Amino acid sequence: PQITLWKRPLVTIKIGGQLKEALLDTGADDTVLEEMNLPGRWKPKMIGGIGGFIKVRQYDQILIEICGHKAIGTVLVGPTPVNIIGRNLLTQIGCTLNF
């Protein structure tokens, strides 16, 4: 689908057997999700934004269905205000910007 930007580009995702809403964020290099249990091992990581830095758990090879499009990649879980789908996953579903 084509999405206009007059409202927040939120989409439904299926991850870890849970349904959530996430923001397709072209300004984010990485996918960051609010707290959950992504099954398997992780490695501590620190990520930064406009306001400073937050501590997240880095989970690799996580399956995520973004509006029915399947993708596996690194997913960081931590105190983000909002779920954000980053460019690591957006490339996999073939998402593009169009003026």
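Counting begins at 1, following the sequence as shown. Throughout, rigid core stands for the largest set of C-alpha atoms superposing within 1.5 Å between the two forms.
- Root mean square Cα distance to the shown form, taken over structures and residues in 7 other deposited structures of this protein after a core fit, is higher for 34-42 when 62-70 and 34-42 are compared.
- Two stretches are in play, 21-29 and 72-80, and the higher mean C-alpha B-factor belongs to 72-80.
- 57-65 and 38-46 differ in mean CA B-factor, and the higher of the two is recorded for 38-46.
- When the CA B factors of the chain's modelled residues are split into thirds, the value for residue 15 lands in the highest one.
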